[PDB]
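Beneath this line is the structure, given in structure tokens, with notes to follow.
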Amino acid sequence: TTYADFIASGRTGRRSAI
Amino acid sequence: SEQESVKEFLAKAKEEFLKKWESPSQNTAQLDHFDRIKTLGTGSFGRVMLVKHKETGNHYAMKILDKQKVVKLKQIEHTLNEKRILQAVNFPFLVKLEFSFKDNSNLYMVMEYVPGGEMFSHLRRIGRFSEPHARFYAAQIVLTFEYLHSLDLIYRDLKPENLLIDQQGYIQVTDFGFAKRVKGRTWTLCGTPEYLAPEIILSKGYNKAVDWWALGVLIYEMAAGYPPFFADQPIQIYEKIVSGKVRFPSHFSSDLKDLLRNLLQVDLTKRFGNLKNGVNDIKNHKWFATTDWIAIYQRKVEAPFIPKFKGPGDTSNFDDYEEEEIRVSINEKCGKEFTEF
């Protein structure tokens with residue numbers, strides 16, 4: 001599922017500005 | 001008539017803003033007025049600490065920037081923008097700047113403490129928000145961008161990490177590090193990867209339409225539980241953003257999909273918020289038909305939830321962070337660069 005793929009990704013925590 | 005009332009609101013709000021924009025406040029407290037308690041959150045350029053004012057006992061959130069690091073990271077003008085804009089604005093959904101000052105080493109912006117935590121934390125924990133709850137939050141951002149854009153301000157860092165939940169369950173936007181007053185177009189590569197509009201990635205000139213694109217990303221993430229363009233590395237995100245393709249969860253309503261495709265238009269000249277009727281194409285969309293805009297502004301709509309509160313100074317709605325000292329040198333650093341702060 002798309003949800004499962006997001007939750008296993010490296011970008012589920014707080015995101016910083018570039 | 002209703003439309004004239006809105007025009008009059010915005011005209012008076014611009015008069016009020018311009019007086020403060022042209023004559024900014026400066027040097028309105030000092031460091032030894034406060035006791036420092038703990039770190040509330042971090043960003044690319046510094047940290048925000050819970051502090052307690054010694055005379056009043058009130059708690060505040062103090063953003064601390066190291067002047068030498070700001071210079072090294074080429075953020076001087078952006079930091080001057082942040083403070084000049086924050087001290088001049090006044091809106092229900094913008095955090096209040098209470099004091100600002102500097103010393104030999106650092107710059108300080110003391111805000112009202114918003115105790116309910118980041119929207120981010122609540123969204124990740126619950127998974128996703130229902131459409132009525134996402135709509136409640138979205139309406140506040142629509143009004144906030146109507147206000148900011150009318151003052152020639154672009155915000156440029158919309159994301160759940162910057163949307164704090166207050167004790168009445170409403171939003172306060174924080175972090176104006178990339179906010180800028182501009183008539184016409186600008187070019188800086190800035191923002192957060194998931195939220196960048198195509199025209200930023202493609203190194204085109206751009207305008208306030210980037211904030212309306214970011215609203216589309218925010219509404220999608222609130223209602224889905226994940227962003228519309230995600231990957232493990234930024235470059236793969238950017239490829240998806242520019243492609244013109246977006247897929248929606250099967251549970252999204254017809255009206256939500258229609259609104260989101262209008263906000264997530266890759267051609268800025270076709271994007272909602274940037275057409276002849278401006279913000280009214282959004283406010284009049286079918287997905288917002290049940291929204292009472294004045295009741296939202298006045299904070300009279302029942303909130304989806306009230307954050308838990310265990311007393312003044314409680315930080316339970318925030319993660320814990322490693323603490324670092326605040327050093328102040330005996331010698332002044334970067335005085336000329338930050339004269340106006």
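Simple scheme: letters A, B, ... for chains in structure tokens order, numbers from 1 for residues in each chain, numbers from 1 for ligands in the order shown.
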
List as CSV every residue of chain A that is in contact with chain B, defined as an atom at most 8 Å from one of its atoms (using only C-alpha atoms), together with the nearest atom pair and the distance in Å rounded to one decimal, sorted by chain and then rising number.
```
residue,atom,partner,partner_atom,distance
A:3,CA,B:226,CA,6.9
A:6,CA,B:226,CA,6.6
A:9,CA,B:232,CA,5.8
A:10,CA,B:232,CA,5.3
A:11,CA,B:232,CA,6.3
A:14,CA,B:161,CA,6.6
A:15,CA,B:192,CA,7.0
A:16,CA,B:44,CA,5.9
A:17,CA,B:192,CA,4.5
A:18,CA,B:192,CA,5.7
```

Distance in Å - CA of residue 251 in chain B versus CA of residue 116 in chain B: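 According to the coordinates, CA of residue 251 in chain B and CA of residue 116 in chain B are separated by 28.7 Å.
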
Range 54-225 of chain B: residues DSSP assigns to helix (DSSP H, G or I), reported as a VMD selection string: chain B and resid 67 to 72 76 to 86 119 to 126 131 to 150 160 to 162 193 to 195 198 to 201 209 to 224

What's around residue 131 in chain B at 10 Å? Count only C-alpha atoms, leave out sequence neighbours fewer than 5 positions away in its own chain, and write the answer as a PyMOL selection string. chain B and resi 136+219+222-224+251-253+256+287

Go ahead and save the picked residues with N, CA, C and O atoms, as a short mmCIF file (atom, residue, chain, number, x, y, z; two decimals), in the first residue's frame.
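out39.cif, written as the output of this step:
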```cif
data_model
loop_
_atom_site.label_atom_id
_atom_site.label_comp_id
_atom_site.auth_asym_id
_atom_site.auth_seq_id
_atom_site.Cartn_x
_atom_site.Cartn_y
_atom_site.Cartn_z
N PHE B 136 -11.12 22.43 8.48
CA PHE B 136 -11.01 23.41 9.56
C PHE B 136 -9.62 24.06 9.56
O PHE B 136 -9.49 25.29 9.66
N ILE B 219 -2.91 20.19 2.35
CA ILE B 219 -4.25 19.58 2.44
C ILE B 219 -4.17 18.09 2.08
O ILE B 219 -4.77 17.23 2.76
N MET B 222 -2.55 16.23 5.07
CA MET B 222 -3.49 16.11 6.19
C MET B 222 -4.55 15.04 5.95
O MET B 222 -4.86 14.25 6.86
N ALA B 223 -5.13 14.99 4.74
CA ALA B 223 -6.24 14.07 4.46
C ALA B 223 -5.78 12.66 4.09
O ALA B 223 -6.53 11.69 4.30
N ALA B 224 -4.56 12.49 3.56
CA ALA B 224 -4.02 11.18 3.19
C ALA B 224 -3.19 10.53 4.29
O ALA B 224 -3.18 9.30 4.41
N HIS B 251 -10.25 6.98 -0.89
CA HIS B 251 -11.22 7.58 0.01
C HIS B 251 -11.41 9.09 -0.16
O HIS B 251 -12.34 9.64 0.46
N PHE B 252 -10.58 9.79 -0.93
CA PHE B 252 -10.76 11.22 -1.13
C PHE B 252 -12.09 11.50 -1.83
O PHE B 252 -12.43 10.86 -2.83
N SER B 253 -12.83 12.51 -1.33
CA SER B 253 -14.08 12.93 -1.97
C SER B 253 -13.85 13.48 -3.39
O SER B 253 -12.73 13.85 -3.78
N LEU B 256 -12.71 17.14 -2.99
CA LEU B 256 -11.31 17.28 -2.54
C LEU B 256 -10.34 17.06 -3.71
O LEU B 256 -9.39 17.84 -3.89
N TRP B 287 -15.62 22.33 -2.10
CA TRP B 287 -15.11 21.68 -0.89
C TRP B 287 -15.23 22.56 0.35
O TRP B 287 -15.32 22.04 1.47
#
```

Mind checking DSSP for range 70-151 of chain B and telling me the strand (DSSP E) residues as a PDB file with C-alpha atoms, in the first residue's frame?
```
ATOM      1  CA  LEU B  97       6.480  38.326  18.483  1.00  0.00           C
ATOM      2  CA  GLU B  98       6.621  39.775  22.010  1.00  0.00           C
ATOM      3  CA  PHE B  99      10.277  40.968  22.212  1.00  0.00           C
ATOM      4  CA  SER B 100      13.491  41.002  20.187  1.00  0.00           C
ATOM      5  CA  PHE B 101      17.141  41.860  20.963  1.00  0.00           C
ATOM      6  CA  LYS B 102      20.753  40.902  20.212  1.00  0.00           C
ATOM      7  CA  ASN B 106      23.384  35.937  19.036  1.00  0.00           C
ATOM      8  CA  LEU B 107      20.030  37.265  17.797  1.00  0.00           C
ATOM      9  CA  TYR B 108      16.859  36.577  19.831  1.00  0.00           C
ATOM     10  CA  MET B 109      13.145  36.552  18.870  1.00  0.00           C
ATOM     11  CA  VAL B 110      10.824  35.955  21.861  1.00  0.00           C
ATOM     12  CA  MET B 111       7.362  34.691  20.792  1.00  0.00           C
ATOM     13  CA  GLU B 112       4.213  33.694  22.618  1.00  0.00           C
TER      14      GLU B 112
END
```

What separation in Å, quoted to one decimal, exists between CA of residue 77 in chain B and CA of residue 114 in chain B?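 Between CA of residue 77 in chain B and CA of residue 114 in chain B the gap works out to 26.7 Å.
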
Residue with smallest distance to residue 162 in chain B - pool B:174, B:75, B:5, B:81, counting only C-alpha atoms: B:174

Near residue 94 in chain B, counting only C-alpha atoms, which residues have an atom at most 12 Å away, once you skip same-chain residues fewer than 3 positions from it, shown as a tab-separated table (two decimals) with N, CA and C atoms, in the first residue's frame?
```
chain	number	residue	atom	x	y	z
B	85	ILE	N	9.44	41.53	9.34
B	85	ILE	CA	8.07	41.12	9.02
B	85	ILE	C	7.30	40.73	10.28
B	86	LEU	N	7.87	39.87	11.12
B	86	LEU	CA	7.15	39.39	12.30
B	86	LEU	C	6.72	40.54	13.20
B	87	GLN	N	7.59	41.52	13.42
B	87	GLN	CA	7.22	42.62	14.33
B	87	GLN	C	6.12	43.51	13.73
B	88	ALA	N	5.86	43.41	12.43
B	88	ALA	CA	4.88	44.27	11.75
B	88	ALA	C	3.51	43.64	11.52
B	89	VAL	N	3.38	42.31	11.56
B	89	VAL	CA	2.11	41.64	11.25
B	89	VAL	C	1.21	41.51	12.49
B	90	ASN	N	-0.08	41.24	12.23
B	90	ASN	CA	-1.10	41.07	13.28
B	90	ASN	C	-2.26	40.28	12.67
B	91	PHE	N	-2.36	38.99	12.99
B	91	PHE	CA	-3.43	38.16	12.42
B	91	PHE	C	-3.73	37.01	13.40
B	97	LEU	N	5.15	37.97	17.99
B	97	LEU	CA	6.48	38.33	18.48
B	97	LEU	C	6.34	39.32	19.63
B	111	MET	N	8.74	34.85	21.22
B	111	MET	CA	7.36	34.69	20.79
B	111	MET	C	6.47	34.23	21.94
B	112	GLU	N	5.16	34.42	21.77
B	112	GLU	CA	4.21	33.69	22.62
B	112	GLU	C	4.47	32.19	22.52
B	114	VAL	N	3.31	28.54	22.28
B	114	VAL	CA	2.12	27.83	21.80
B	114	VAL	C	2.22	26.39	22.31
B	140	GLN	N	-8.02	28.19	7.90
B	140	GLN	CA	-7.17	29.15	8.60
B	140	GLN	C	-5.98	29.56	7.73
B	141	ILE	N	-5.38	28.59	7.02
B	141	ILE	CA	-4.26	28.91	6.12
B	141	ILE	C	-4.72	29.76	4.93
B	143	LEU	N	-7.13	32.01	4.86
B	143	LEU	CA	-7.26	33.39	5.36
B	143	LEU	C	-5.90	34.02	5.64
B	144	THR	N	-4.97	33.25	6.20
B	144	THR	CA	-3.62	33.75	6.51
B	144	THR	C	-2.89	34.18	5.24
B	145	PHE	N	-2.98	33.37	4.17
B	145	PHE	CA	-2.34	33.73	2.90
B	145	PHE	C	-3.07	34.91	2.23
B	147	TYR	N	-4.37	37.43	3.81
B	147	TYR	CA	-3.76	38.54	4.58
B	147	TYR	C	-2.32	38.82	4.14
B	148	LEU	N	-1.45	37.80	4.20
B	148	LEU	CA	-0.03	38.02	3.88
B	148	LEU	C	0.17	38.52	2.45
B	155	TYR	N	5.28	33.61	2.05
B	155	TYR	CA	5.67	32.90	3.27
B	155	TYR	C	6.78	31.86	3.03
B	162	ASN	N	5.54	23.62	11.08
B	162	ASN	CA	5.47	25.05	11.36
B	162	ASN	C	4.09	25.52	11.77
B	163	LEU	N	3.13	24.60	11.94
B	163	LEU	CA	1.75	24.95	12.30
B	163	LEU	C	1.49	24.47	13.73
B	164	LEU	N	1.54	25.38	14.68
B	164	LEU	CA	1.42	25.02	16.10
B	164	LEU	C	-0.04	25.08	16.54
B	165	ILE	N	-0.45	24.16	17.43
B	165	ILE	CA	-1.83	24.09	17.89
B	165	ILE	C	-1.93	24.78	19.24
B	166	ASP	N	-2.81	25.79	19.33
B	166	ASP	CA	-2.97	26.57	20.57
B	166	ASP	C	-4.00	25.91	21.51
B	170	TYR	N	-6.75	25.98	17.62
B	170	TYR	CA	-6.50	26.72	16.38
B	170	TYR	C	-5.00	26.78	16.08
B	171	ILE	N	-4.67	27.14	14.83
B	171	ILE	CA	-3.29	27.21	14.35
B	171	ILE	C	-2.63	28.55	14.66
B	172	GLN	N	-1.34	28.49	14.97
B	172	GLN	CA	-0.42	29.63	14.94
B	172	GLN	C	0.78	29.26	14.06
B	173	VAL	N	0.97	29.99	12.96
B	173	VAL	CA	2.09	29.76	12.04
B	173	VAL	C	3.34	30.34	12.68
B	174	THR	N	4.43	29.56	12.70
B	174	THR	CA	5.74	30.01	13.16
B	174	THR	C	6.78	29.88	12.04
B	175	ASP	N	7.97	30.45	12.27
B	175	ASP	CA	9.16	30.39	11.41
B	175	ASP	C	8.96	31.20	10.14
B	176	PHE	N	9.33	32.48	10.19
B	176	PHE	CA	9.28	33.40	9.06
B	176	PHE	C	10.68	33.58	8.44
B	297	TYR	N	-12.28	33.08	11.36
B	297	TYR	CA	-11.44	34.23	11.75
B	297	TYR	C	-11.62	34.57	13.23
```
